[PDB]
RNA sequence: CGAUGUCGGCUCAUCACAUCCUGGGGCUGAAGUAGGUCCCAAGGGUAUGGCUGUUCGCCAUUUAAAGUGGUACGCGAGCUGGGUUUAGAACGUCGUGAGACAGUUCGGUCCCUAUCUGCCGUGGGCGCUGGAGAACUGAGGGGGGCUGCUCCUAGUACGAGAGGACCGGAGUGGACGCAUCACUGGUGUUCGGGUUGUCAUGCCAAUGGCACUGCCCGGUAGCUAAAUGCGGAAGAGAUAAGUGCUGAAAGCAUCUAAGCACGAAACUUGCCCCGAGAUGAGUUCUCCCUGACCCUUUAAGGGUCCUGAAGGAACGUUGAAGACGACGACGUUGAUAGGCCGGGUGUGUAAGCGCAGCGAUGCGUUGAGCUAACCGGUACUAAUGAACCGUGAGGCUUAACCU
RNA sequence: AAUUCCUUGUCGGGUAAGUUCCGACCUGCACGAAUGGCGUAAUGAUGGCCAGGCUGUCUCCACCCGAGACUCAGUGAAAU
RNA sequence: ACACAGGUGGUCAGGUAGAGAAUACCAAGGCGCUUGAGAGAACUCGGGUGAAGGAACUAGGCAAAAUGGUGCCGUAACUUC
RNA sequence: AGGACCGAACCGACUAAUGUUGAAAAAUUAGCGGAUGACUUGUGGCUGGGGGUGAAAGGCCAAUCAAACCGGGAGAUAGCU
Ligand SMILES: [Mg+2]
Ligand SMILES: [Mg+2]
Ligand SMILES: [Mg+2]
Ligand SMILES: [Mg+2]
Ligand SMILES: [Mg+2]
Ligand SMILES: [Mg+2]
Ligand SMILES: [Mg+2]
Ligand SMILES: [Mg+2]
Ligand SMILES: [Mg+2]
Ligand SMILES: [Mg+2]
Ligand SMILES: [Mg+2]
Ligand SMILES: [Mg+2]
Ligand SMILES: [Mg+2]
Ligand SMILES: [Mg+2]
Ligand SMILES: [Mg+2]
Ligand SMILES: [Mg+2]
Ligand SMILES: [Mg+2]
Ligand SMILES: [Mg+2]
Ligand SMILES: [Mg+2]
Ligand SMILES: [Mg+2]
Ligand SMILES: [Mg+2]
Ligand SMILES: [Mg+2]
Ligand SMILES: [Mg+2]
Ligand SMILES: [Mg+2]
Ligand SMILES: [Mg+2]
Ligand SMILES: [Mg+2]
Ligand SMILES: [Mg+2]
Ligand SMILES: [Mg+2]
Ligand SMILES: [Mg+2]
Ligand SMILES: [Mg+2]
Ligand SMILES: [Mg+2]
Ligand SMILES: [Mg+2]
Ligand SMILES: [Mg+2]
Ligand SMILES: [Mg+2]
Ligand SMILES: [Mg+2]
Ligand SMILES: [Mg+2]
Ligand SMILES: [Mg+2]
Ligand SMILES: [Mg+2]
Ligand SMILES: [Mg+2]
Ligand SMILES: [Mg+2]
Ligand SMILES: [Mg+2]
Ligand SMILES: [Mg+2]
Ligand SMILES: [Mg+2]
Ligand SMILES: [Mg+2]
Ligand SMILES: [Mg+2]
Ligand SMILES: [Mg+2]
Ligand SMILES: [Mg+2]
Ligand SMILES: [Mg+2]
Ligand SMILES: [Mg+2]
Ligand SMILES: [Mg+2]
Ligand SMILES: [Mg+2]
Ligand SMILES: [Mg+2]
Ligand SMILES: [Mg+2]
Ligand SMILES: [Mg+2]
Ligand SMILES: [Mg+2]
Ligand SMILES: [Mg+2]
Ligand SMILES: [Mg+2]
Ligand SMILES: [Mg+2]
Ligand SMILES: [Mg+2]
Ligand SMILES: [Mg+2]
Ligand SMILES: [Mg+2]
Ligand SMILES: [Mg+2]
Ligand SMILES: [Mg+2]
Ligand SMILES: [Mg+2]
Ligand SMILES: [Mg+2]
Ligand SMILES: [Mg+2]
Ligand SMILES: [Mg+2]
Ligand SMILES: [Mg+2]
Ligand SMILES: [Mg+2]
Ligand SMILES: [Mg+2]
Ligand SMILES: [Mg+2]
Ligand SMILES: [Mg+2]
Ligand SMILES: [Mg+2]
Ligand SMILES: [Mg+2]
Ligand SMILES: [Mg+2]
Ligand SMILES: [Mg+2]
Ligand SMILES: [Mg+2]
Ligand SMILES: [Mg+2]
Ligand SMILES: [Mg+2]
Ligand SMILES: [Mg+2]
Ligand SMILES: [Mg+2]
Ligand SMILES: [Mg+2]
Ligand SMILES: [Mg+2]
Ligand SMILES: [Mg+2]
């Protein structure tokens, strides 16, 4: 239920090989307000696909 | 496995799920737009949009059904007196989902849900 | 779908007399033995009806010789030859499974007259 | 759908009233027995003076099951009593001569043509 | 001999005259369209490559649509390839009807099965439950023991364990063809072919004579 | 002996063959039926219960058979704790006694979240010498391999009868496996009804909350087996044991030494699936790309600007796909999902009102109302203009052409 | 026999089948009378056995409801 | 040892059903037990249902299931009555 | 009337599952026993280590008991590791 050796720190790098994060690829620039937001998400000012959708 | 199934479990038992959407749908209509998580928002559509479907026919029976779905007289009023004639010519699709990014405290995907003709 | 239903509609027997649960009914089925298509009768109480169009079926219960015999006919099958309602009845529940233990006096159902 | 330790009922004037299945025949590891099948049974209870007796070990043929038989149309003929007809261990043919209650069309053969002849009702 | 590509419509039953209820499986087979003929001289083996169905014209890729335009045929939802037997040849743009099966008596149907997810050993390899009572601690459905003490001191290749079940290619052999409704492009086969409704099927004639 | 923690059972096995069944033979004091023994043969198959802790044993009743062993008398970081094996207690026995008895009996705590190997799955990365998208070949690898019974041959061969075949064929079962949900059913805490208590909606009515889903009765989809389809082959080749032909050595004989034939569930095929990370990295088809420059220790080089393709991925709607990833469908040109409409199914005649009835209730309106996952429709909502990645013709050496 | 080594004693009952049980037998290895003998109604979270009833204990498992497992965010151990 | 499913003496005693301080729903009153969000695989825990059979399981009916109230009727061997 | 019956609180602790680096250095859950008595409990008090106490099991005597804990002789001794 437990190791018999100390696993080398070279293994620990190899175990963390897939643990890298992932940057957000595309940021939709809003065509009206000009501010950048997540594609298919609303802006930080209540715009979505040009038009104002929610007065925050 | 869950082949061809429907509904969500939402990490809640069934009496809590039904009681939560009852409290939520009434809280929607009282404000016409609320902020909630995305899987709760995608599931609320399968409650409120039949209530608005029921809102298109002001019988005394549908008064008694919609009160049995919500248990709130004010919501029963606002459905038939206002939302009835408001959405009176829409073939479904009475609400809209707008995603406002993620929640601060627990990284939950929040989304606004609103009615279509709120503006 | 539109193809399956197109194949069921060309094998449904249109001449099925409609009925309800609790209807005392008599059914003539073909029985082949040797080269003899005799037409055996069978008569009892409809206790359950399963409706699916072509695959629709119903269950008939009788008390033969002190024994309860349930028999479930596929409705549109060509082995059934005639279905004839003898006595309609006024039951309320859609499937009469409580007639698997009521016998004699309690097995009676009152006649629908509407 | 008869397996071992199954109480059955007796369907003739052989003399028993209550038997119990102890072996399904016709193949190794054979779990279940429907109609038209030969099983070995004991006799739990008989009339005070019958052709058989409490404790006899002999064959039987199953005529009525609760799970019922099926037919090439998809129909199904259930019953209420898992009932059987006793047989000789050697000539493999019935003992009593007055079959009680109905039987089915699957029972008929050159093997059991006598039983359907004595039966009041062949479904 | 060559086969045909079909889609599983669903299961129903066909009564005969004699009251026999045959549970058939409705496979539609549309006009299979040959795309390419392989042979010895260029490819080492005689086989055809067929397609079926139709597809959105603004979906098919320029590599893929270029392959259909080489054949000069309408783009289908996928390609399949069938090994020719000898003395059995076709042109490129030749279509194929379901009337190929008009004289066969048994067929063989290959489809991707349903996928039961990540299945335990009880469901997958048909193990036995252990004793569900009499003191069973935490082990009501486990596979029990998997090996031996030390002398083959490992676990063998192909030991039946848990895991993926289904969602894979299978073939049910010698199914009985019932009716070739060539006019509305149907095929009626006795018994249940694999896979969900609407999945793709590969239907060949009987391999065992 | 700074712990290799144990009998039997269970669950999974796996191997051997000294073969239990099935297959093939030889001989028989083998008529036939049956055996008997020996040889080949491990492919698959190889009970259920009663007894007792059992191993073992005995018995019942089947089966074609109820093989023998190995694997720490296979398997406790998988279960069990009956046996043995602690502390309690008691009997018999022994001992003056404490106590002791491979004597008995009642009672008696079984830990561990997996690092590596192993394995079952499923990905990421990179390679495959321009890139991309599909389709394959099959180097290999796995799986599969059981058998009864009836009838025909035929009461034939046989046999004094009793009895009773070979061979060949047909049919039908058992067991097992794969698939599937049309049938039969199960489940169906999301659909529907009934009903108890109680509380609440002002009250009545109607609902609703809670009481294991309050308790029930049914039940759609899906999932399922007990439900029902399919499978095990045939054949080929080469053989084992064995049977031979020809045939010398050795004027003969001889199955072998040359040659030749046959010969089994075994072998290799044939069947199924995986299968080019088969690094030897395969094949086919389609598609895409035809910029300028500087720089040096000229290279399959360094940098700059230009250019960004095919396509890909992200995102989003999603799935009979799924732990996650993956896979698949779809993103307005759009039925992808939800809603909606229609159907269908199930429940079984709502509410309200009228009537009857002292009333409970009944009747009418009414196969009503409600109706989850289904079906067929519908852009009503949500699937964004995009952006991002991937580029600029693909080293060298010979060879064959071609000019 | 809570005691019998042989011993699964024998016989009877019970079961299709009983190393258990119950009843006889006495061959008491090695019972036996206040380290009590033999009975004994009642009583017992007592021991053994049988029957009925009931049932996923089982053939033979299926499905569902939750809580975990699992993914994401925050925190963040342990023996070895 | 902890903002720990434990322990801790006394006093108070609402309504309906109910014998009841049982238990259920409630009152006064007090909370929602200090990571969540999704997903809806194996497997485990805690539960619900079951065709046909009904102890065949197993050391052993362990556990589950089942029984259950009141009133009336009726009630065996045996017995220290 | 009762070391009476049933059964809550209370007091227990037979079976079973869980938990076994726990929620917990013995608990939860579901069933179980006693429940007017040899009952149960609160406050205080006494009994001291070969002693106490014990409806007796070598039990219990501050999570420790075929001889408590703490200091001392004491750096006991160790033919052993
Ligand atoms: Mg070490
Ligand atoms: Mg990681
Ligand atoms: Mg869906
Ligand atoms: Mg799937
Ligand atoms: Mg088992
Ligand atoms: Mg444990
Ligand atoms: Mg358990
Ligand atoms: Mg081990
Ligand atoms: Mg090794
Ligand atoms: Mg040692
Ligand atoms: Mg060591
Ligand atoms: Mg070890
Ligand atoms: Mg050998
Ligand atoms: Mg021989
Ligand atoms: Mg001789
Ligand atoms: Mg072999
Ligand atoms: Mg072979
Ligand atoms: Mg074998
Ligand atoms: Mg046995
Ligand atoms: Mg062995
Ligand atoms: Mg061993
Ligand atoms: Mg052990
Ligand atoms: Mg023990
Ligand atoms: Mg002691
Ligand atoms: Mg002792
Ligand atoms: Mg003495
Ligand atoms: Mg000893
Ligand atoms: Mg990879
Ligand atoms: Mg194989
Ligand atoms: Mg089904
Ligand atoms: Mg269906
Ligand atoms: Mg059903
Ligand atoms: Mg169903
Ligand atoms: Mg109520
Ligand atoms: Mg009222
Ligand atoms: Mg409340
Ligand atoms: Mg509840
Ligand atoms: Mg139901
Ligand atoms: Mg062959
Ligand atoms: Mg040969
Ligand atoms: Mg030879
Ligand atoms: Mg010769
Ligand atoms: Mg010669
Ligand atoms: Mg064979
Ligand atoms: Mg459209
Ligand atoms: Mg829609
Ligand atoms: Mg509709
Ligand atoms: Mg309906
Ligand atoms: Mg009404
Ligand atoms: Mg109602
Ligand atoms: Mg009417
Ligand atoms: Mg539609
Ligand atoms: Mg003895
Ligand atoms: Mg006896
Ligand atoms: Mg003695
Ligand atoms: Mg004396
Ligand atoms: Mg004395
Ligand atoms: Mg004595
Ligand atoms: Mg005494
Ligand atoms: Mg759960
Ligand atoms: Mg807290
Ligand atoms: Mg506390
Ligand atoms: Mg109070
Ligand atoms: Mg907390
Ligand atoms: Mg969560
Ligand atoms: Mg159940
Ligand atoms: Mg149900
Ligand atoms: Mg059941
Ligand atoms: Mg039943
Ligand atoms: Mg028994
Ligand atoms: Mg057993
Ligand atoms: Mg037993
Ligand atoms: Mg036992
Ligand atoms: Mg119990
Ligand atoms: Mg219970
Ligand atoms: Mg008392
Ligand atoms: Mg308890
Ligand atoms: Mg009491
Ligand atoms: Mg002191
Ligand atoms: Mg202590
Ligand atoms: Mg002392
Ligand atoms: Mg001392
Ligand atoms: Mg000291
Ligand atoms: Mg010292």
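No value in this document is a laboratory result; all are computed from the given coordinates. Virtual Cβ from ideal backbone geometry, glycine too; neighbours counted across all protein chains shown.
Structural remarks
- Label-point separation in nm, residue C:110 to residue C:82, each point 7 Å along Cα→Cβ: 3.3 nm
- Cβ-derived FRET efficiency at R0 60 Å, residue E:151 paired with residue C:16, nearest 0.05: 0.25
- With Cα atoms, 0 to 90° folded angle of helix B:38-54 axis to chain B main axis: 10 degrees
- 222 nm mean residue ellipticity, helices alone, for the protein assembly as shown (DSSP H n ≥ 4; -39,500 (n - 2.57); rounded to 500): -4000 deg cm²/dmol
- By the compact-protein rule of thumb, 2.2 N^0.38 Å, the alpha-carbon radius of gyration of the range D:58-123 corresponds to a ratio of 1.10.
- C-alpha center-to-center spacing [the range A:17-44, the range E:185-201] in angstrom: 45 Å
- Spacing of the two label points (7 Å from each Cα toward its C-beta) at residue C:56 and residue B:102, in nm: 5.6 nm
- Alpha-carbon radius of gyration plus Dmax, which is the widest Cα pair, for chain E in Å: 22.8, 71
- Kirkwood hydrodynamic radius computed over the protein assembly as shown comes to 32.5 Å, based on all pairs of distinct alpha carbons.
- Counts of other chain beta carbons within 10 angstrom of each beta carbon in peptide A:39-46 average 3.
- Angle between chain E longest axis and helix E:62-71 axis [Cα atoms, degrees, rounded to 10]: 50 degrees
- Shape annotation for chain D: C-alpha extents along the principal axes are 44, 33, 27 Å, from largest to smallest.
- Entry note, chain C: relative contact order of 28 percent, from Cα contacts under 8 Å with a spacing of 6+ residues.
- Normalising by residue count, the range E:68-163 has a Cα convex hull of 263 Å³ per residue.
- Reducing the range C:64-114 and the range E:26-91 to their Cα centroids gives an inter-centroid distance of 58 Å.
- Tilt relative to chain B, helix B:14-31 - C-alpha long axis, 0 to 90 degrees, to 10: 60 degrees
- Diffusion coefficient (Stokes-Einstein, Kirkwood radius over C-alpha pairs, 4 °C, 1.567 mPa s) for the range E:110-209: 74 µm²/s, rounded to a whole number.
- Hydrodynamic radius by Kirkwood, which averages 1/r over all alpha carbon pairs of the range B:1-101, in angstrom: 14.5 Å
- The range B:49-119 gives an Rg/Rh value of 1.10, both radii derived from C-alpha positions and Rh following Kirkwood.
- Here the simple spin-label model places points 7 Å from the Cα toward Cβ, and for residue A:51 and residue D:42 these points are separated by 8.5 nm.
- Ratio of the Cα radius of gyration of chain C to 2.2 N^0.38 Å, where N counts its residues: 1.17
- Measuring spread by the Cα atoms of the range C:8-64 yields a radius of gyration and Dmax of 13.4, 36 Å.
- The equivalent ellipsoid of chain A has semi-axes of 47, 12, 7 Å, largest first, where each one is the square root of 5 times an eigenvalue of the Cα gyration tensor.
- Relative contact order (%) - chain B, alpha-carbon pairs under 8 angstrom, separation at least six: 30 percent
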